[PDB]
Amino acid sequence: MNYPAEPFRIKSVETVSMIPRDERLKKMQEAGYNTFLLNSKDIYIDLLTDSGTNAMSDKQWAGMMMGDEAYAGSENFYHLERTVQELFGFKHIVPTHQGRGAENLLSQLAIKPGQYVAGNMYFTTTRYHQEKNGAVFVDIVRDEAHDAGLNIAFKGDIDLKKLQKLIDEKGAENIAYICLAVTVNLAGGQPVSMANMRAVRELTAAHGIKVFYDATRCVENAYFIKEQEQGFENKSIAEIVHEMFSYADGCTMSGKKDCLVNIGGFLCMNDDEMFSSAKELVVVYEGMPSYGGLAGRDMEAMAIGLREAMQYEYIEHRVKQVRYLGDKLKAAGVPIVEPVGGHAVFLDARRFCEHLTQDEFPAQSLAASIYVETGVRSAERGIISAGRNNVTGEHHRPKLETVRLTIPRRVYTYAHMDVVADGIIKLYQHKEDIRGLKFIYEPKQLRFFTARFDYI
């Protein structure tokens, strides 16, 4: 089916208030037209992020009643360890409270100042931890990933020529590791093919270079391989996931994404010495090697959720629900990043509001308009989030000026997607009426989080 029915039914609901437009207008004004400042209690459909916002199952909630809260050696850790060893195939696992805790550990362990880390684009926290430990980041994604309207498969793949070039100019010993993300968030949630993972593994192995995956959306990635990569159409999601990680030396994982939980993460590796070093550091920042900054019940929920994520029908519906939203927007002529990724639809606010300049913050204003008209919260991912250059005093000015519609797993229905699409499309039909915004309060940094605006 183009759009399958949910492969689950509802066990329990999160109630919502359903406040009307006049009241949403006041809330948006009180939030200074910044959706990051809205109160959760005032939001009907919250698409700010797919991170930690997922609905758990009955089996996960049963596990939440079985937390072994011991400081060391919790049975829940051994359940998580066994599950990750089975499904990802790595020899060793260290729990962390979420993904950036694992990134902190990996970058401290595997980078020397001056070295390079090359990846298929970057994620904000991952690159910060690389750079804070002295690495220079090099983007080795295929050029195609940067073209928003290019509707091609496996747009997240690494350009092997860029990787060969880096090796030739800088030298293998000066490359700390390759950071291969699945899927690639900044490209719109675009997958990487098994062929590319295998090819990257072959080239790096010939030079002794390590490859660590950013595995946060690896199950969405596996679905794209099953659906679209020749030869994988009849492999199980689990078989695909296991093969993907066979081409890596380790990974960082945010369980808050594809492990179907509200908190949790981990670091995996095959190397024994790196495992020992990682355990010496986890106690500094997170907790013991057997809890990593998580309650026992959360290790249990993450173990159960990662296994639930292997169900084909679950991940097919997850990805096709996102696709449903993107397809409805595209059919109405709304410009989006293509093809639709695994976890989100991205609106091109620059083209949505061509009557405004980027200095008038069209993505921020479009996000405000979306909430007023529908009760849906979306994330600004444009000039505001890019920040300001404190040296020159001017904005960093991003290539992509977007509004991100990020879909939590198992929370919403197709009818909710219709609410989102209908409101965005109605606005698009009168896009000229969307007003530009100006700062009335701007902090020196983290400005997306607390900045306040008014209409021009």
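One-based numbering along the sequence shown.
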> Is the mean CA B factor in the deposited entry higher across 91-99 or across 359-367?
Replying inline: 359-367
> Given the B-factors recorded for C-alpha atoms, which segment has the greater mean, 336-344 or 297-305?
Replying inline: 336-344
>> According to the Cα B-factor stored in this entry, which of the following is highest: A148, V261, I225, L180?
In response: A148
> Based on what the PDB entry reports, which of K320, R381, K112, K279 has the top C-alpha B-factor?
Replying inline: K112
>> Using only modelled residues of the chain, where does the Cα B factor of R9 rank: lowest third, middle third or highest third?
In response: middle
>> Looking at the temperature factor on the CA atom of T124, which third of the chain's modelled residues does it land in?
In response: highest
> So where's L427 on the chain's Cα temperature factor ranking, which third?
Replying inline: highest
>> Quick check for you: using the entry's CA B-factors within this chain, is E81 in the lowest, middle or highest third?
In response: lowest
>> Looking at the temperature factor on the CA atom of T49, which third of the chain's modelled residues does it land in?
In response: middle
